[PDB]
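Undergrad:
In the working numbering, the protein residues as written are 9 to 129.
#1: Could you tell me the distance, in whole angstroms, from the CA atom of residue 9 to the CA atom of residue 74?
#2: Output needed for residue 7: all residues of its chain with C-beta closer than 8 Å, excluding positions within five of it in sequence on either side, in chain order.
#3: With distances taken between CB atoms, is the gap from residue 64 to residue 44 smaller than 9 Å?
#4: Would you tell me roughly how many angstroms separate the C-alpha atoms of residue 111 and residue 123, rounded to the nearest one?
#5: Applying the criterion that 16 or more other CB atoms from any shown protein chain within 10 Å of the CB defines a buried residue, is residue 29 buried or exposed?
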């Protein structure tokens, strides 16, 4: 149908905008602490602690399959990255601190993303 096509064009355009958001958030992680999944070879107990692991490469895979239907779904995954780190790692660690800085800096990016998503529809 033509409606299905229009819906698909909307999803494509959301994916475009979320790709730019993802790039901007990942720039706020210049140490690449959140770039890849926590290695279960190197942290073998991780899944005992963290039930839903997340990282930027995993988000990018979902994004490129057009697997985010709306900004809320995308934000859920970004918040997992931050929140998982702040639980597994203590306050005095470079990992926790990186997560705080990512959260604080990403907030600005996400605030305008939400306005754009609503504005363009």
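Heads up, the beta-carbon is just placed ideally off N, CA and C, and yes, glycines get one too.
TA: In brief:
#1: On the chain shown, residue 9 is found 1 positions in, with the first residue counted as 1. On the chain shown, residue 74 is found 66 positions in, with the first residue counted as 1. Looking at the two C-alpha atoms, the distance is approximately 19 Å.
#2: The question about residue 7 has no answer, for the chain in this structure spans 9 to 129.
#3: Locating residue 64 in the chain shown gives position 56, counting from the first residue. Locating residue 44 in the chain shown gives position 36, counting from the first residue. Contact flag set, yes.
#4: Mapped onto the chain shown, residue 111 falls at position 103. Mapped onto the chain shown, residue 123 falls at position 115. If you take the alpha carbons of residue 111 and residue 123, they lie about 18 Å apart.
#5: Within the chain shown, numbered from 1, the residue matching residue 29 stands at position 21. Result: buried.
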